[PDB]
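Listing of start.tsv, TSV, C-alpha atoms and all ligand atoms
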```tsv
chain	number	residue	atom	x	y	z
A	1	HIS	CA	74.37	-57.41	73.56
A	2	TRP	CA	74.16	-54.27	71.45
A	3	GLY	CA	73.81	-54.14	67.71
A	4	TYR	CA	71.60	-52.72	64.98
A	5	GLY	CA	68.57	-55.01	65.13
A	6	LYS	CA	65.00	-54.39	66.28
A	7	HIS	CA	65.70	-55.64	69.79
A	8	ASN	CA	69.29	-54.44	70.33
A	9	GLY	CA	69.58	-51.39	68.06
A	10	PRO	CA	70.35	-47.74	68.81
A	11	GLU	CA	67.09	-47.08	70.68
A	12	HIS	CA	68.09	-49.74	73.23
A	13	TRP	CA	71.70	-48.71	73.78
A	14	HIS	CA	70.96	-46.31	76.65
A	15	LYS	CA	70.01	-49.22	78.93
A	16	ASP	CA	73.59	-50.49	78.99
A	17	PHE	CA	75.29	-47.18	78.08
A	18	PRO	CA	73.40	-44.32	79.75
A	19	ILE	CA	75.71	-41.77	78.10
A	20	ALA	CA	73.67	-42.52	74.97
A	21	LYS	CA	71.42	-39.71	76.24
A	22	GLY	CA	74.37	-37.44	77.06
A	23	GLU	CA	75.21	-33.86	76.20
A	24	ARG	CA	77.64	-34.38	73.26
A	25	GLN	CA	76.43	-37.50	71.43
A	26	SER	CA	77.16	-38.31	67.78
A	27	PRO	CA	76.26	-38.39	65.01
A	28	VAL	CA	74.28	-35.21	64.39
A	29	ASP	CA	72.52	-33.52	61.52
A	30	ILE	CA	74.72	-30.81	60.03
A	31	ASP	CA	72.38	-27.92	59.25
A	32	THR	CA	74.57	-26.12	56.73
A	33	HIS	CA	72.82	-22.79	57.07
A	34	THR	CA	73.25	-22.60	60.86
A	35	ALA	CA	76.83	-23.88	60.99
A	36	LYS	CA	79.16	-20.95	61.69
A	37	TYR	CA	82.16	-20.14	59.55
A	38	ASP	CA	85.16	-19.85	61.89
A	39	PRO	CA	88.08	-18.02	60.21
A	40	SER	CA	90.30	-18.95	63.17
A	41	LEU	CA	90.07	-22.59	62.08
A	42	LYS	CA	93.26	-23.84	60.51
A	43	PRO	CA	93.48	-26.04	57.42
A	44	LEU	CA	93.61	-29.73	58.22
A	45	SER	CA	97.01	-31.38	57.97
A	46	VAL	CA	96.59	-35.00	56.86
A	47	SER	CA	100.00	-36.70	56.87
A	48	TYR	CA	99.43	-40.27	55.66
A	49	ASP	CA	102.53	-40.85	53.49
A	50	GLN	CA	104.19	-43.14	56.08
A	51	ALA	CA	101.01	-45.03	57.02
A	52	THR	CA	101.52	-48.70	57.88
A	53	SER	CA	98.34	-50.72	57.54
A	54	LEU	CA	98.40	-54.10	59.26
A	55	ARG	CA	95.17	-56.04	58.96
A	56	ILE	CA	91.47	-55.91	58.30
A	57	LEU	CA	88.99	-57.33	60.81
A	58	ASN	CA	85.26	-58.04	60.86
A	59	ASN	CA	84.32	-57.18	64.44
A	60	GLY	CA	80.61	-58.01	64.12
A	61	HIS	CA	79.54	-54.36	63.74
A	62	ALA	CA	81.73	-53.14	60.85
A	63	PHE	CA	85.12	-53.94	59.35
A	64	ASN	CA	88.22	-52.14	60.62
A	65	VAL	CA	91.45	-51.59	58.70
A	66	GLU	CA	94.02	-51.25	61.47
A	67	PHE	CA	97.32	-49.37	61.39
A	68	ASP	CA	100.57	-49.34	63.31
A	69	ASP	CA	100.04	-46.48	65.76
A	70	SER	CA	103.20	-47.09	67.81
A	71	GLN	CA	104.95	-44.20	66.01
A	72	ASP	CA	103.85	-40.98	64.27
A	73	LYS	CA	103.39	-42.65	60.89
A	74	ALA	CA	99.93	-41.45	59.80
A	75	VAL	CA	98.81	-38.37	61.69
A	76	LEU	CA	96.14	-35.70	61.66
A	77	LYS	CA	96.97	-32.20	62.86
A	78	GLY	CA	95.68	-28.69	62.44
A	79	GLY	CA	92.08	-27.77	61.91
A	80	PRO	CA	90.43	-27.45	65.32
A	81	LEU	CA	92.99	-29.77	66.89
A	82	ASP	CA	95.79	-29.07	69.32
A	83	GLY	CA	98.60	-31.57	69.16
A	84	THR	CA	99.08	-34.66	67.05
A	85	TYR	CA	96.51	-37.40	66.48
A	86	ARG	CA	97.67	-40.81	65.22
A	87	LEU	CA	95.60	-42.91	62.85
A	88	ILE	CA	94.65	-46.21	64.50
A	89	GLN	CA	91.95	-47.62	62.21
A	90	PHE	CA	89.31	-46.76	59.67
A	91	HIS	CA	85.92	-48.32	59.10
A	92	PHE	CA	82.62	-47.56	57.41
A	93	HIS	CA	78.93	-47.41	58.17
A	94	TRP	CA	76.57	-48.23	55.30
A	95	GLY	CA	72.98	-48.92	54.36
A	96	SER	CA	70.88	-51.64	52.82
A	97	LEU	CA	69.87	-49.09	50.14
A	98	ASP	CA	71.74	-46.24	48.49
A	99	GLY	CA	69.50	-43.63	50.15
A	100	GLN	CA	70.68	-44.43	53.68
A	101	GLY	CA	73.83	-45.51	55.46
A	102	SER	CA	75.62	-42.43	56.71
A	103	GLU	CA	75.59	-41.49	60.38
A	104	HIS	CA	75.97	-37.76	60.00
A	105	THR	CA	73.44	-36.10	57.76
A	106	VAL	CA	73.65	-32.83	55.86
A	107	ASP	CA	70.44	-30.79	55.92
A	108	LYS	CA	68.78	-34.13	56.80
A	109	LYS	CA	70.21	-35.78	53.66
A	110	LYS	CA	71.61	-39.28	54.21
A	111	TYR	CA	74.51	-40.59	52.16
A	112	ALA	CA	75.00	-44.23	51.15
A	113	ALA	CA	77.86	-44.70	53.60
A	114	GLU	CA	80.28	-42.87	55.82
A	115	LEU	CA	83.99	-43.50	56.33
A	116	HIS	CA	85.50	-42.89	59.78
A	117	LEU	CA	89.27	-42.45	60.02
A	118	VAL	CA	89.91	-42.73	63.75
A	119	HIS	CA	92.86	-40.92	65.36
A	120	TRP	CA	93.97	-40.54	68.97
A	121	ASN	CA	95.78	-37.73	70.75
A	122	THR	CA	99.38	-38.81	71.34
A	123	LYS	CA	99.62	-36.86	74.61
A	124	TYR	CA	97.51	-39.64	76.17
A	125	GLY	CA	99.92	-42.43	75.29
A	126	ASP	CA	97.49	-45.04	73.96
A	127	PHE	CA	94.02	-45.32	72.48
A	128	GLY	CA	92.56	-46.80	75.67
A	129	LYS	CA	93.58	-43.73	77.66
A	130	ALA	CA	92.57	-41.31	74.92
A	131	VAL	CA	88.94	-42.49	74.85
A	132	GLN	CA	88.66	-41.40	78.51
A	133	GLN	CA	89.53	-37.79	77.63
A	134	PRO	CA	87.30	-35.04	76.22
A	135	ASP	CA	89.90	-34.28	73.54
A	136	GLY	CA	91.15	-37.84	73.17
A	137	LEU	CA	90.07	-38.70	69.64
A	138	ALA	CA	89.72	-36.99	66.30
A	139	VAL	CA	87.55	-38.78	63.77
A	140	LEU	CA	87.68	-37.66	60.16
A	141	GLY	CA	84.30	-38.47	58.60
A	142	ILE	CA	83.89	-38.73	54.84
A	143	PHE	CA	80.57	-39.28	53.10
A	144	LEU	CA	80.19	-41.83	50.31
A	145	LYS	CA	77.73	-41.43	47.47
A	146	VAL	CA	77.08	-43.97	44.73
A	147	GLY	CA	78.37	-42.99	41.30
A	148	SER	CA	81.76	-43.66	39.77
A	149	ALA	CA	84.07	-46.16	41.43
A	150	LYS	CA	86.71	-45.05	43.91
A	151	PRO	CA	89.91	-46.78	42.73
A	152	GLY	CA	91.59	-46.38	46.12
A	153	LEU	CA	88.77	-48.33	47.77
A	154	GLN	CA	89.03	-51.38	45.54
A	155	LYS	CA	91.76	-53.17	47.51
A	156	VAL	CA	89.46	-53.02	50.55
A	157	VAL	CA	86.52	-54.34	48.53
A	158	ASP	CA	88.56	-57.24	47.15
A	159	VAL	CA	89.60	-58.56	50.59
A	160	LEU	CA	86.08	-58.54	52.06
A	161	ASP	CA	85.52	-62.13	50.90
A	162	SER	CA	88.22	-63.15	53.40
A	163	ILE	CA	86.47	-61.56	56.40
A	164	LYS	CA	82.81	-62.32	55.70
A	165	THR	CA	81.89	-63.22	59.28
A	166	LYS	CA	82.43	-61.83	62.76
A	167	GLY	CA	85.89	-62.51	64.17
A	168	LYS	CA	87.60	-63.07	60.82
A	169	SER	CA	90.78	-61.12	60.12
A	170	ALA	CA	93.18	-60.93	57.20
A	171	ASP	CA	96.59	-59.42	56.59
A	172	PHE	CA	96.20	-56.03	54.95
A	173	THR	CA	99.59	-54.37	54.54
A	174	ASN	CA	100.67	-51.48	52.33
A	175	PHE	CA	97.21	-49.94	51.98
A	176	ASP	CA	97.39	-46.21	51.34
A	177	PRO	CA	94.48	-44.35	52.99
A	178	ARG	CA	95.20	-41.24	50.92
A	179	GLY	CA	93.27	-42.99	48.15
A	180	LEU	CA	90.06	-42.58	50.15
A	181	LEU	CA	90.21	-38.76	50.45
A	182	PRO	CA	88.21	-36.31	48.34
A	183	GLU	CA	89.85	-33.38	46.60
A	184	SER	CA	88.86	-30.73	49.14
A	185	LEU	CA	89.59	-30.83	52.86
A	186	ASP	CA	86.92	-28.24	53.72
A	187	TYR	CA	85.17	-29.48	56.83
A	188	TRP	CA	82.62	-29.00	59.58
A	189	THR	CA	83.67	-29.66	63.16
A	190	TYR	CA	81.95	-30.17	66.51
A	191	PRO	CA	82.60	-31.99	69.81
A	192	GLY	CA	80.92	-35.37	69.96
A	193	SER	CA	81.17	-39.02	70.84
A	194	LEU	CA	81.85	-42.50	69.58
A	195	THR	CA	78.84	-43.53	67.52
A	196	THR	CA	78.90	-47.10	68.88
A	197	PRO	CA	78.98	-48.28	72.49
A	198	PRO	CA	80.56	-47.30	74.78
A	199	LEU	CA	79.50	-43.96	73.18
A	200	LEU	CA	82.23	-42.10	75.07
A	201	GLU	CA	82.25	-38.32	74.67
A	202	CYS	CA	85.86	-38.09	73.57
A	203	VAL	CA	85.72	-37.16	69.86
A	204	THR	CA	86.48	-33.98	67.98
A	205	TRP	CA	84.48	-34.67	64.83
A	206	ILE	CA	85.85	-33.36	61.55
A	207	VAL	CA	83.37	-34.09	58.75
A	208	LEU	CA	84.46	-33.31	55.20
A	209	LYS	CA	82.11	-31.27	53.01
A	210	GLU	CA	83.01	-33.14	49.82
A	211	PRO	CA	81.84	-36.76	49.57
A	212	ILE	CA	83.74	-39.43	47.70
A	213	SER	CA	81.91	-41.44	45.05
A	214	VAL	CA	81.99	-45.23	45.02
A	215	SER	CA	80.42	-47.57	42.53
A	216	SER	CA	77.25	-49.58	43.04
A	217	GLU	CA	79.38	-52.74	42.83
A	218	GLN	CA	81.68	-51.44	45.57
A	219	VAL	CA	78.89	-50.73	48.06
A	220	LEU	CA	77.09	-53.97	47.14
A	221	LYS	CA	80.19	-55.83	48.32
A	222	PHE	CA	79.94	-54.11	51.71
A	223	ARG	CA	76.37	-55.44	51.94
A	224	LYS	CA	77.51	-59.05	51.51
A	225	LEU	CA	79.33	-59.07	54.84
A	226	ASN	CA	77.75	-60.73	57.88
A	227	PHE	CA	77.11	-59.49	61.42
A	228	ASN	CA	77.18	-63.10	62.64
A	229	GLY	CA	80.03	-65.51	63.15
A	230	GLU	CA	80.66	-68.46	60.87
A	231	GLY	CA	78.18	-71.24	61.55
A	232	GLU	CA	75.66	-68.89	63.16
A	233	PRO	CA	72.49	-67.84	61.29
A	234	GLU	CA	73.34	-65.39	58.53
A	235	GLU	CA	72.42	-61.76	59.02
A	236	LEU	CA	73.71	-59.33	56.42
A	237	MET	CA	75.89	-56.54	57.78
A	238	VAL	CA	73.80	-53.61	56.54
A	239	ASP	CA	72.37	-50.50	58.18
A	240	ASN	CA	75.10	-50.42	60.83
A	241	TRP	CA	74.54	-46.70	61.42
A	242	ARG	CA	73.32	-44.73	64.41
A	243	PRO	CA	70.78	-42.00	63.56
A	244	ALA	CA	71.35	-38.33	64.25
A	245	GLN	CA	71.27	-37.32	67.91
A	246	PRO	CA	70.17	-33.98	69.43
A	247	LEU	CA	72.70	-31.20	69.01
A	248	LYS	CA	71.93	-29.83	72.50
A	249	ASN	CA	74.37	-27.08	73.59
A	250	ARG	CA	76.70	-27.30	70.60
A	251	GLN	CA	77.47	-25.16	67.56
A	252	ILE	CA	78.85	-26.76	64.43
A	253	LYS	CA	81.72	-24.74	62.96
A	254	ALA	CA	82.69	-24.64	59.29
A	255	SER	CA	86.16	-24.11	57.83
A	256	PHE	CA	84.66	-22.59	54.68
A	257	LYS	CA	82.08	-20.01	53.67
B	1	ZN	ZN	82.28	-45.14	62.94
```

Give the structure from the file, written as structure tokens.
Ligand SMILES: [Zn+2]
Amino acid sequence: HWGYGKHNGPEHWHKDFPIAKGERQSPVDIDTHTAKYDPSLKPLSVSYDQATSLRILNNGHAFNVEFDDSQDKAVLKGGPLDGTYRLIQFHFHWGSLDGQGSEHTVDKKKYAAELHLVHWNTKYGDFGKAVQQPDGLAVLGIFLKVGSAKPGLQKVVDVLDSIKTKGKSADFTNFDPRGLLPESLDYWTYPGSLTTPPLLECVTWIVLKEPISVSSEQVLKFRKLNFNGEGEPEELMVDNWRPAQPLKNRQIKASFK
């Protein structure tokens, strides 16, 4: 099955998921000089004060912090979006080295990691229905660079020892995702896809201009996770990123000049 290795990595995904070669695949390189400022874009509305985190799970490809999405508790609105998108989970993609790890790139520059806060359009009733719709998901993408520690990330880092291997989960209540946000909510936006199989073309991507900084110790702890299950041969969970895909007939819009 699919993964990030030599024999099952992103270049192989199209054999099981032909949409991998589709018209609105993600991630992409954000060429900052050719992105178009759109003054009709609204400021993002990130309403996370009532967020209810539940658990953290190693799914064999990343780790997901999952939220109660049965009510409008943590929602994303505004920006390019119509309607209300509920936060369901966040996860990261990261590298084996500080110079790689992000999925989106900025003028071909790769960041050490990329955070994806995944939201679904409440008009579709549940996440499973939303992924079947062209406007079903909104993913807020935030780049991570290595520098000073991010205090709001530390509670995530400290639980990773409990979910080292695929299939492990741990309780993870009362986590506040506002501690993962940069100061500015300036963003680029474009229509795209899930970056992992099934690669469905259901995502309005909103990628923040301002990265967050995390410490070397914080990212090193990401790199100690395992793709494998307990008792299977150990393979470090690193480089779980898909490279940039062709932009094709899309224009990236910017909320800022
Ligand atoms: Zn992702």

Give me the residues of chain A that have any atom at most 9 Å from an atom of ligand ZN 1 (chain B); for each, the nearest atom pair and the distance in Å, rounded to one decimal. Use only C-alpha atoms and all ligand atoms, sort by chain and number, and format it as CSV.
```
residue,atom,partner,partner_atom,distance
A:62,CA,B:ZN1,ZN,8.3
A:90,CA,B:ZN1,ZN,7.9
A:91,CA,B:ZN1,ZN,6.2
A:92,CA,B:ZN1,ZN,6.0
A:93,CA,B:ZN1,ZN,6.3
A:103,CA,B:ZN1,ZN,8.0
A:114,CA,B:ZN1,ZN,7.7
A:115,CA,B:ZN1,ZN,7.0
A:116,CA,B:ZN1,ZN,5.0
A:117,CA,B:ZN1,ZN,8.0
A:118,CA,B:ZN1,ZN,8.0
A:139,CA,B:ZN1,ZN,8.3
A:141,CA,B:ZN1,ZN,8.2
A:194,CA,B:ZN1,ZN,7.2
A:195,CA,B:ZN1,ZN,5.9
A:196,CA,B:ZN1,ZN,7.1
A:241,CA,B:ZN1,ZN,8.0
```

| remark: Here CA of residue 52 in chain A and CA of residue 225 in chain A stand apart by 24.7 Å

| message | Please report the interatomic distance between CA of residue 133 in chain A and CA of residue 175 in chain A in Å with one decimal. | response |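 It comes out at 29.4 Å.
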
| field | Counting only C-alpha atoms, the option among A:157, A:80, A:197, A:142 closest to residue 180 in chain A | value |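 Closest to residue 180 in chain A, using only C-alpha atoms: A:142.
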
| query | Please, which residues are within 10 Å of (101.0, -45.9, 65.1) by the file's coordinates, counting only C-alpha atoms, and could they come as a list in words? | reply |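 The distance filter leaves exactly residues 50, 51, 52, 53, 66, 67, 68, 69, 70, 71, 72, 73, 74, 75, 85, 86, 87, 88, 89, 119, 120, 122 and 126 of chain A.
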
Tell me which protein, DNA and RNA residues are within 10 Å of residue 162 in chain A, counting only C-alpha atoms, leaving out same-chain ones fewer than 5 positions away, and put them as a PDB file with C-alpha atoms, in the coordinates of the input.
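Below you can see result37.pdb, which holds the result:
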```
ATOM      1  CA  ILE A  56      91.470 -55.910  58.300  1.00  0.00           C
ATOM      2  CA  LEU A  57      88.990 -57.330  60.810  1.00  0.00           C
ATOM      3  CA  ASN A  58      85.260 -58.040  60.860  1.00  0.00           C
ATOM      4  CA  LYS A 168      87.600 -63.070  60.820  1.00  0.00           C
ATOM      5  CA  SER A 169      90.780 -61.120  60.120  1.00  0.00           C
ATOM      6  CA  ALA A 170      93.180 -60.930  57.200  1.00  0.00           C
ATOM      7  CA  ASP A 171      96.590 -59.420  56.590  1.00  0.00           C
ATOM      8  CA  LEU A 225      79.330 -59.070  54.840  1.00  0.00           C
TER       9      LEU A 225
END
```

| said: When you look at residue 213 in chain A with a cut-off of 8 Å (counting all atoms listed in the file), what residues show up, excluding the ones that are within fewer than 2 positions of it in the same chain? I need them as a list in words. | reply: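 Non-adjacent residues within range: residues 144, 145, 146, 147, 148, 149, 150, 211 and 215 of chain A.
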
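Take CA of residue 105 in chain A and CA of residue 191 in chain A: the distance between them is 15.7 Å.
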
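Taking only C-alpha atoms into account, residue 218 in chain A lies nearest to A:98 out of the set A:98, A:29, A:16, A:201.
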